[PDB]
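Novice: Chains as they are written, first to last, in my numbering: chain A, 7 to 491; chain B, 528 to 1011; chain C, 175 to 660. Where a beta carbon is used, it is the ideal one built from N, C-alpha and C, also for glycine. If you scroll down you'll find the structure; I have some questions about it.
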Amino acid sequence: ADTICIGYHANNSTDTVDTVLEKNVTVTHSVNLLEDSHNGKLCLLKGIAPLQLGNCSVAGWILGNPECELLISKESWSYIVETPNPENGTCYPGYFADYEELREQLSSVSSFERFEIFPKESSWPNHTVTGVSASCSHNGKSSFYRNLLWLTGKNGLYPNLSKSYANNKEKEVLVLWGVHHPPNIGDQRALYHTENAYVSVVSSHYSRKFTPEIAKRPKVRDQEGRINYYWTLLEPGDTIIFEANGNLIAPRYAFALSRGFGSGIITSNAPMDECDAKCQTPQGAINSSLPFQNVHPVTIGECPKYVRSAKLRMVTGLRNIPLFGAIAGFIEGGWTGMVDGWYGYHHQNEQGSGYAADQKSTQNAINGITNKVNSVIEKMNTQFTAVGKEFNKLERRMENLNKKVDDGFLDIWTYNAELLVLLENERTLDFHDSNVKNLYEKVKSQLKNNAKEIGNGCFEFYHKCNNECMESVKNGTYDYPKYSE
Amino acid sequence: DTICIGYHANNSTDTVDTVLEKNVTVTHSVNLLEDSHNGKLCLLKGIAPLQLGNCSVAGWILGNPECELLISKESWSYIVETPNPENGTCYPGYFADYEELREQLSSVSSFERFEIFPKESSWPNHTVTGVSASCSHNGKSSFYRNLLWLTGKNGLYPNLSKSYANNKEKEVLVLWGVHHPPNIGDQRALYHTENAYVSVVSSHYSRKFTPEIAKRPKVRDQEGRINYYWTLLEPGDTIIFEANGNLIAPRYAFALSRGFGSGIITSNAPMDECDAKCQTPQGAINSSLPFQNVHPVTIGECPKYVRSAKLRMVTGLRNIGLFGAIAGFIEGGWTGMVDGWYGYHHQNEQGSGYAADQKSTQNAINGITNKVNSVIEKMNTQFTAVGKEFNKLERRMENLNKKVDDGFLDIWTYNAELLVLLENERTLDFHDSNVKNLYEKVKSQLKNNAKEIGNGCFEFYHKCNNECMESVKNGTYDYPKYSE
Amino acid sequence: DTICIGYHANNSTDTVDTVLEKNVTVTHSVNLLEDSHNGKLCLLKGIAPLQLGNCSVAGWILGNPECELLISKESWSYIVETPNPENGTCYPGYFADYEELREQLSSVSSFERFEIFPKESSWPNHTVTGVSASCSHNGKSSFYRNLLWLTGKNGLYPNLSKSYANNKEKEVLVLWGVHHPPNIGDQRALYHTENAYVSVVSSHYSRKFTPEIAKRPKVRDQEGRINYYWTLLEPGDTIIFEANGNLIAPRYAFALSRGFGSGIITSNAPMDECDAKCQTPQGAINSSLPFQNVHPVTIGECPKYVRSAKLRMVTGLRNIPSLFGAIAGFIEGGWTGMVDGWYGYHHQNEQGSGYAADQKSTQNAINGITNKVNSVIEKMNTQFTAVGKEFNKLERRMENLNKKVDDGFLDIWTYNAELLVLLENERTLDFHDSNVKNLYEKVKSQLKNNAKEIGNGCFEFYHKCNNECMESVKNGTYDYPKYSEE
Ligand SMILES: *[C@@H]1O[C@H](CO)[C@@H](O[C@@H]2O[C@H](CO)[C@@H](O[C@@H]3O[C@H](CO)[C@@H](O)[C@H](O)[C@@H]3O)[C@H](O)[C@H]2NC(C)=O)[C@H](O)[C@H]1NC(C)=O
Ligand SMILES: *[C@@H]1O[C@H](CO)[C@@H](O[C@@H]2O[C@H](CO)[C@@H](O[C@@H]3O[C@H](CO)[C@@H](O)[C@H](O)[C@@H]3O)[C@H](O)[C@H]2NC(C)=O)[C@H](O)[C@H]1NC(C)=O
Ligand SMILES: *[C@@H]1O[C@H](CO)[C@@H](O[C@@H]2O[C@H](CO)[C@@H](O[C@@H]3O[C@H](CO)[C@@H](O)[C@H](O)[C@@H]3O)[C@H](O)[C@H]2NC(C)=O)[C@H](O)[C@H]1NC(C)=O
Ligand SMILES: *[C@@H]1O[C@H](CO)[C@@H](O[C@@H]2O[C@H](CO)[C@@H](O)[C@H](O)[C@H]2NC(C)=O)[C@H](O)[C@H]1NC(C)=O
Ligand SMILES: *[C@@H]1O[C@H](CO)[C@@H](O[C@@H]2O[C@H](CO)[C@@H](O)[C@H](O)[C@H]2NC(C)=O)[C@H](O)[C@H]1NC(C)=O
Ligand SMILES: *[C@@H]1O[C@H](CO)[C@@H](O)[C@H](O)[C@H]1NC(C)=O
Ligand SMILES: *[C@@H]1O[C@H](CO)[C@@H](O)[C@H](O)[C@H]1NC(C)=O
Ligand SMILES: *[C@@H]1O[C@H](CO)[C@@H](O)[C@H](O)[C@H]1NC(C)=O
Ligand SMILES: *[C@@H]1O[C@H](CO)[C@@H](O)[C@H](O)[C@H]1NC(C)=O
Ligand SMILES: *[C@@H]1O[C@H](CO)[C@@H](O)[C@H](O)[C@H]1NC(C)=O
Ligand SMILES: *[C@@H]1O[C@H](CO)[C@@H](O)[C@H](O)[C@H]1NC(C)=O
Ligand SMILES: *[C@@H]1O[C@H](CO)[C@@H](O)[C@H](O)[C@H]1NC(C)=O
Ligand SMILES: *[C@@H]1O[C@H](CO)[C@@H](O)[C@H](O)[C@H]1NC(C)=O
Ligand SMILES: *[C@@H]1O[C@H](CO)[C@@H](O)[C@H](O)[C@H]1NC(C)=O
Ligand SMILES: *[C@@H]1O[C@H](CO)[C@@H](O)[C@H](O)[C@H]1NC(C)=O
């Protein structure tokens, strides 16, 4: 009356997965491949602290806005952090030429050095160096940019200035200057004493002649006139020449920059933190190496591909609910006592149900599913892509093209990831069912006609099979001629 | 008394492709590709489109005299134009950021055309009576409706210092022009100042135009030119026009209540009131299916475009390999058994019968329905802004966009076909699984009370009446009852 | 006596990767990744490419004196440029929209260089003898062959009004230059006009250039500049040049007819006369394979570049020398002698040789796997690819966007393909594990209880079965009552 049954394992469950054919399927074990949390703090990126700007923008920090003195000491950074609505920067009204391009240049810079390209006293001995305005007020007092100097006429004369600088820093030198546009002709005749002024910025690769434009303009920050801002990158071994007779905001401090590639500027009000993380988002930082995430499309660093999914769970064990042939077939029950493995046997000579587990098939299935999951996670490589671009009001076609690229990538990744989850969950369930079916077939082949097939995955022995005989059956060392006669 | 296990067959001629086999006839199939369009420029979303007819966008905004039928159009869901519009820019000139302006105007829910500068009061000394034969309407020479040609009066052109403030709480499109004469004689006769200038300045825009006088080839029977410029005055902003000549003044500006993400279609199809969720130059597409092959550029709720001609998914069995069930021991499809997918044949007192086991059939239907519905539903449509326009100097852009779309088209066309093939095979491998298991179940119940014929049929040793057959079908076959 | 079922095995060391297992040795496999280039710049679409040699594109079109070997060109499919553009813009200056001109000159079906304004006849009131050491040739000062330097004559620089009509009925590329002297004295000595202007006007182009005198750093031992501008006169359009000085006039224009959009390849590899459909900077590749890892930048109908180093798909069984419970089940190892097919039987009793090969199952499996591989290869159809893009210093953002377009695509194709070749491989192996197993069952039901099931994939006939009845068994016919008792 001895019986040996073959079955699988079930536990407390409470974890669900989705397959191609069925939804809300409950499984013994599963793995999450979707990151859905962030620390809420702007950690360091690969050991390089971000350049926080606070109440200032990139234009103000580079130009030297008076109210931006809390961040003068900056040497190395990987990305630039901005508040959602910077309040300081371009205190004097004007237009920043190629501003977004300069921001992209400055997002990735090493060994940032601020150096006086033209000394305040030596460079301009014949000009009124001092120049201030109420728009760029500092501590309740009128002031001007720290890195620029408002040259004005001295002794009723503006001598023709011709100042040349050679790049001796063996790097690329960002040089910034400005051109002043008074709102009234008399203001020009007083500041520069020349109605027809000119500005000429010349390099081996740069050449531009700015001509002052005098007209009545709406008041911005209580100033009708406008200072236009321009910038250039002087290459090593190159010389830049400024030649002017008026309306020139002369450079004072230039910046030596090490070449950087591929970083972006994050705009968020979340706090900065001492932590170091390998992937940054505006709202937080993600430490997990899961293939996909559902936090924010704009990511900096080697980040998981963004998806529009809320659940991506992959099956790693048998279905916890008690197709192929074995599970939901001639064996529609789950041995909750199978705490040693996935596939096992049963004893009735002296033991009960759910006592031993066949570690061979269990180990084979474990290795197969582990390789499947590891391949799915690992096949994605590092990106280090600063997804997210900035375009002005005259570049809306650029904005829409970038939006289309990001949206297409998002849609492809979401669709493919969800499909793979469904198909591989179904295939994993089928794989477990095939493994247990093969185990039952092996037991049947070993027993031959010395046992009766009950129908519920059990065999009733035609002889007395003591515990050691059961060990022989499970070990594969069953001796049919021993009990044949 | 014999019980035979079999599957379903019918007269279906539907054909699918699998990974291992091609041109496979199946009992049932589902289409995932939409290839039919109504051929009508139907309504999109909830608003009707705007058709420019013979006119272009430039002629519409600037006020070409032949586009007088387009003045009353206040709101639109999307813009459609004839393939090669002729009206627009009647006076030769250069429209600065014209493609950019088209992109801005496409995503506009509604607009109000208002007289930014009244024709009489704004310019008292300046003569406002200026027309040309290049812009001719009803024989008489004419000029733009929303622009005005300023010329000197009594041999004098006083300096103009006009300004306007945005009180509409919406962005205001302002259009103006700068006239470049062919010869200095026209410059000194129409403006009386040989060296003129124009300055348009706001809180975010500032540009100075100096007239350029040179001999130019005749376009629309005209040597002189008029360069057109535009700006989008933000709410709470003021625009200033200051000039001593060669200024084409704005006469009508447009308060734009802007939308988001709309485009312009170059189509010649007639319009219809379909309220369709999708739109293409040729016609409209049903968004129910996940893939379409009608037109690459699409606007609205349009499915993903693919470069494939057939994407058919199996939702049934093979009409008339793995698990060895279909084309194995069972090699015939039961055309009579139309009740379900799998079943048995009656015998004994029952002369015949083609019963269909509803358990496995309903389970398979649920599974395959979930598969197909997952394939269709997992696809999201969102909104399509496919297509861009680039000028002659943005060729590098035109290729890059061409790289994008084609690239995506190379992915979706490939994967989908794989998805159609890879799953179809499995679908078939699903069906032959179920019946096989079903057979095994019967083979388990009868034990030695029946002999295995070999063709999916069991010959009962004992007499199996209708009640006994129903006992076998339900799985409650009483082995002790019929042991003898 | 006995009949055994088994699968084919050989000594092939070709290994593959599957979802569940890695380093799986298979009897046969197919490579789907191309990693070989001949190192030769084969011509594409049957048209020989244009190799500029040591000349930049600007030097070639402007007519650089050293770039005289590139004058006699008629047609090309793509442009090849050496990594060292030594020759080009010999006189310092700025080339307006140079990247766009390179983009629009990468593919020209018919290229003709015609003297739009003859040197001897167009300018009788001006001196045309303008040369400089910046563009010197054969040891003496020279100038661009396709441009002309106009200066004053008899101490006078009269007004210039020249017009050309597009009678070529093609796209007339016209190049001109504006000279910016370093000193006012040079301007007054060469052009005799301190305030000059150059107006270039057509039906769709109109630009006024004002000379900009300023002290400039010496680049080519020259403190002046010559800014270069160009336009494409449309058919039926007339171009007009009007200038009182500082004009570098056109001498030879080009009647272009643009073709299928292509790019520019930077390569120093030898230009061989092989013919190919795909081109890479390093060489040319297979293109019949759907995937490649030679170079991300490609020209022509090229396979989708992937970041994979091994993309191999199984076409046979697992090579086990001497799921579904087969291959790893009842037959632990496959026969190393059966070479006529993938599945077969073992002769015994009358003929103990053991030769057999079930042709029907083997051929069906071959057809299925061949259809799988052919579908995977063929379903990827790619048209002409021109992924190469060029952007200036002020278009870095654009460049990054292009990179984001490229790398992202590389992230997709790499992830899917490998994953795909991981999945189907396993399936293919499982497919084999189906067939053989089914074959075993087909024998079992055919032999019923006339044979003892040994369990190693064999049936030991209780009766005496000669070669004829064993062949009938392999034919699927076996009279069970005939051999019930023997
Ligand atoms: C740096 O950022 C701060 C914060 O935005 C700036 O303070 C702001 O300064 C403006 C004047 O420049 C203030 O506007 C004032 O509003 C009152 C309202 O009654 C009006 O009467 C005044 O005539 C003036 O328009 C604004 O209120 C003030 N905001 C705050 C929060 O302090 C500061 O000016 C910036 N500094 C630089 C150098 O950019
Ligand atoms: C994938 O599996 C193959 C074998 O199927 C590996 O090839 C074999 O790798 C061994 C590694 O030491 C090489 O050394 C040989 O080892 C054997 C013992 O296995 C030893 O008897 C020999 O004297 C020799 O030292 C061996 O040459 C090589 N080839 C063969 C035909 O055995 C391969 O390394 C595996 N790859 C991975 C990534 O695991
Ligand atoms: C076309 O390209 C050739 C080859 O590059 C140019 O020849 C010039 O060759 C010399 C060596 O013979 C290169 O070295 C330079 O020599 C000068 C003295 O001639 C010396 O002062 C420099 O310091 C340097 O060592 C020289 O770079 C090279 N010139 C250029 C522009 O690359 C030839 O001049 C080129 N012709 C034109 C019209 O661009
Ligand atoms: C506007 O386009 C039309 C053709 O689309 C041009 O042709 C005129 O068409 C109208 C009817 O729409 C006729 O009444 C005129 O006689 C046609 N004139 C010519 C010269 O063909 C028309 O010229 C265009 N008008 C403008 C101002 O561009
Ligand atoms: C080139 O690509 C083909 C794509 O099918 C690879 O396949 C070969 O195709 C040729 C031509 O049909 C056959 O003669 C070979 O027998 C095929 N070989 C295999 C392994 O399929 C081919 O291998 C590729 N060439 C390489 C990688 O050098
Ligand atoms: C499952 O529930 C039982 C309830 O008795 C509890 O003892 C056991 O610890 C639970 N196991 C898990 C893994 O939650
Ligand atoms: C689906 O699964 C979730 C698991 O969180 C469970 O809360 C919910 O009740 C289930 N619903 C159905 C209909 O099975
Ligand atoms: C300074 O520049 C003005 C404007 O071009 C010019 O008139 C004047 O002669 C110049 N003076 C010197 C000393 O260079
Ligand atoms: C399949 O083959 C039959 C037989 O020639 C043919 O009539 C039918 O059109 C084919 N269908 C397809 C889709 O190729
Ligand atoms: C367009 O032009 C054609 C040709 O002159 C004319 O017949 C037709 O009526 C015009 N349609 C509109 C809408 O202007
Ligand atoms: C108009 O502006 C010009 C600018 O050149 C100036 O010369 C002229 O005096 C102005 N008109 C009057 C009436 O002042
Ligand atoms: C002409 O009237 C306009 C309208 O304000 C004004 O700008 C201009 O000064 C007037 N001309 C005069 C007063 O000479
Ligand atoms: C391996 O098999 C191939 C194909 O049959 C054969 O050409 C080769 O000689 C074999 N090598 C060895 C060492 O048996
Ligand atoms: C290009 O210049 C290099 C300089 O070393 C020279 O070796 C090579 O022969 C030159 N090639 C041509 C085609 O002029
Ligand atoms: C040359 O052009 C200038 C500027 O356009 C003009 O002032 C002068 O009269 C012209 N001279 C001749 C001879 O055409």
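Please confirm whether C/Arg276 and C/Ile438 have their CB atoms less than 8 Å apart.
Specialist: Residue mapping note: residue 276 of chain C aligns to position 102 of the third sequence, counting from 1. Residue mapping note: residue 438 of chain C aligns to position 264 of the third sequence, counting from 1. Closer than 8 Å, so yes.
Novice: I'd like the ranges of any beta strand (DSSP E) spanning at least 3 consecutive residues and lying wholly in the region 771-810 of chain B.
Specialist: Counting only runs of 3 or more, we get 774-777, 780-785, 791-793, 798-803.
Novice: For A/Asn253, return the contacting residues in chain B, with the cut-off set at a CB-CB distance below 7 Å.
Specialist: Position 247 of the first sequence holds residue 253 of chain A. Neighbours of A/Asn253 on chain B: none; closest Cβ ~14 Å, over 7 Å.
Novice: List the residues of chain A whose Cβ lies closer than 8 Å to the Cβ of B/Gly859, in chain order.
Specialist: As a working note, residue 859 of chain B is residue 332 in the second sequence. Ordered by position in chain A, no residue passes the 8 Å Cβ test against B/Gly859, which lies about 23 Å from the chain.
Novice: What does the alpha-carbon distance come out to for the pair B/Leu571 and B/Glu721?
Specialist: Within the second sequence, residue 571 of chain B is the residue found at index 44, counting from 1. Within the second sequence, residue 721 of chain B is the residue found at index 194, counting from 1. If you take the alpha carbons of B/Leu571 and B/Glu721, they lie about 53 Å apart.
Novice: Any heavy atom of ligand 2 closer than 7 Å to the beta-carbon of C/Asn599?
Specialist: Looking up residue 599 of chain C in the third sequence gives position 425. Because no heavy atom of ligand 2 lies under 7 Å away, the Cβ of C/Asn599 does not count as near it: no.
Novice: Report the residue from B/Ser998, B/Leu675, B/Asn771, B/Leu759 whose alpha carbon sits nearest the alpha carbon of B/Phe644.
Specialist: Within the second sequence, the letter at position 117 stands for residue 644 of chain B. Taking only the C-alpha atoms, the option nearest B/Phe644 is B/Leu675.
Novice: Quick one, which residues of the region 545-577 of chain B are near chain A if we go by CB-CB under 7 Å, in chain order?
Specialist: Within the region 545-577 of chain B, no residue has a Cβ that lies closer than 7 Å to any Cβ of chain A.
Novice: Compute the Euclidean distance between the alpha carbons of A/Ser84 and C/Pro470, then round it to the nearest angstrom.
Specialist: In the first sequence, residue 84 of chain A corresponds to position 78, counting from 1. In the third sequence, residue 470 of chain C corresponds to position 296, counting from 1. Whole-angstrom Cα-Cα distance: 27 Å.
Novice: Using the beta-carbon of each residue, which ones in chain B are nearer than 8 Å to C/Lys382?
Specialist: Taking the first residue of the third sequence as 1, we reach residue 382 of chain C at position 208. Correct list: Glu739, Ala741.
Novice: For C/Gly227, name the three-state secondary structure that DSSP assigns.
Specialist: Start at 1 with the first residue of the third sequence, and residue 227 of chain C comes out as number 53. DSSP places C/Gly227 in coil when its eight states are reduced to three.
Novice: B/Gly894 versus chain D: which residues are under 8 Å apart at the beta carbon?
Specialist: Of the protein chains in this structure, namely A, B and C, none is chain D.
Novice: I'd like to check one pair, A/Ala16 with A/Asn431: are the Cβ atoms closer than 8 Å?
Specialist: Taking the first residue of the first sequence as 1, we reach residue 431 of chain A at position 425. Taking the first residue of the first sequence as 1, we reach residue 16 of chain A at position 10. It is not a contact, given that the beta carbons lie outside the stated cut-off.
Novice: Output the residues surrounding ligand 14, defined as those with a CB atom closer than 5 Å to any ligand heavy atom, in chain order.
Specialist: The filter returns C/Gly227, C/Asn228, in chain order.
Novice: Going along the chain, which residues of its own chain have a beta-carbon closer than 6 Å to the beta-carbon of A/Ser168, five neighbours each way excluded?
Specialist: Here residue 168 of chain A is taken as the residue at index 162 of the first sequence, counted from 1. Excluding residues within five positions, the ones whose Cβ falls inside 6 Å are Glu249.
Novice: I need the straight-line Cα distance from B/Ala891 to C/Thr454, nearest angstrom please.
Specialist: As a position in the second sequence, residue 891 of chain B is number 364, starting the count at 1. As a position in the third sequence, residue 454 of chain C is number 280, starting the count at 1. Going from the Cα of B/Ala891 to the Cα of C/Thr454 covers about 51 Å.
Novice: Looking at residue 1019 of chain B and ligand 9, is the gap between the Cβ and the nearest heavy atom below 7 Å?
Specialist: The structure shown does not extend to residue 1019 of chain B, since chain B is modelled only from 528 through 1011, so no value can be given for it.
Novice: According to DSSP, what are the bridge partners of C/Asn401?
Specialist: Counting from one through the third sequence, the residue named residue 401 of chain C turns up at place 227. Partner(s): C/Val352.
Novice: Where DSSP assigns a beta bridge to A/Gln299, which residues make up the other side?
Specialist: Here the question's residue 299 of chain A lines up with position 293 in the first sequence. The partner list for A/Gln299 (beta bridge, DSSP) reads A/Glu41, A/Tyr312.
Novice: I think C/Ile543 touches C/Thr602, with their Cβ atoms under 8 Å apart; what is that distance to the nearest whole Å?
Specialist: Locating residue 543 of chain C in the third sequence gives position 369, where the first residue counts as 1. Locating residue 602 of chain C in the third sequence gives position 428, where the first residue counts as 1. Sure, about 6 Å apart at Cβ, within 8 Å.
Novice: Would A/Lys177 count as contacting chain B if we go by Cβ distances under 8 Å?
Specialist: Reading the first sequence from its first residue, position 171 is the one you call residue 177 of chain A. Chain B, which has no Cβ nearer than 8 Å to the Cβ of A/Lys177, makes this no.
Novice: Please list, in chain order, all residues of the same chain as A/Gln289 whose beta carbon is under 8 Å from its beta carbon, the five residues on each side excluded.
Specialist: Stepping through the first sequence from its first residue, residue 289 of chain A is reached at position 283. Excluding sequence neighbours, A/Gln289 sits near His44, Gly46, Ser274, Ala276, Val301, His302.
Novice: Mind listing which residues of the region 315-327 of chain A have their C-beta closer than 7 Å to chain B's C-betas, in chain order?
Specialist: Correct list: empty, as no residue qualifies.
Novice: Residues in the region 789-807 of chain B with C-beta within 8 Å of chain C's C-beta atoms, listed in sequence order?
Specialist: The residues in question: there are none.
Novice: Please list the partners that A/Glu491 has in chain C, where partner means a Cβ-to-Cβ separation under 7 Å.
Specialist: Looking up residue 491 of chain A in the first sequence gives position 485. In chain order: nothing, as chain C lies at least about 16 Å away.
Novice: If you count every other CB in all the chains shown that lies within 10 Å of the CB of B/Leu920, and 16 or more means buried, which is it?
Specialist: Indexing the second sequence from 1 puts residue 920 of chain B at position 393. It counts as exposed.
Novice: Name the two residues that bound the continuous alpha helix (DSSP H) containing B/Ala943.
Specialist: Along the second sequence, read from residue 1 onward, the residue named residue 943 of chain B stands at position 416. Its alpha helix (DSSP H) spans residues 922-973.
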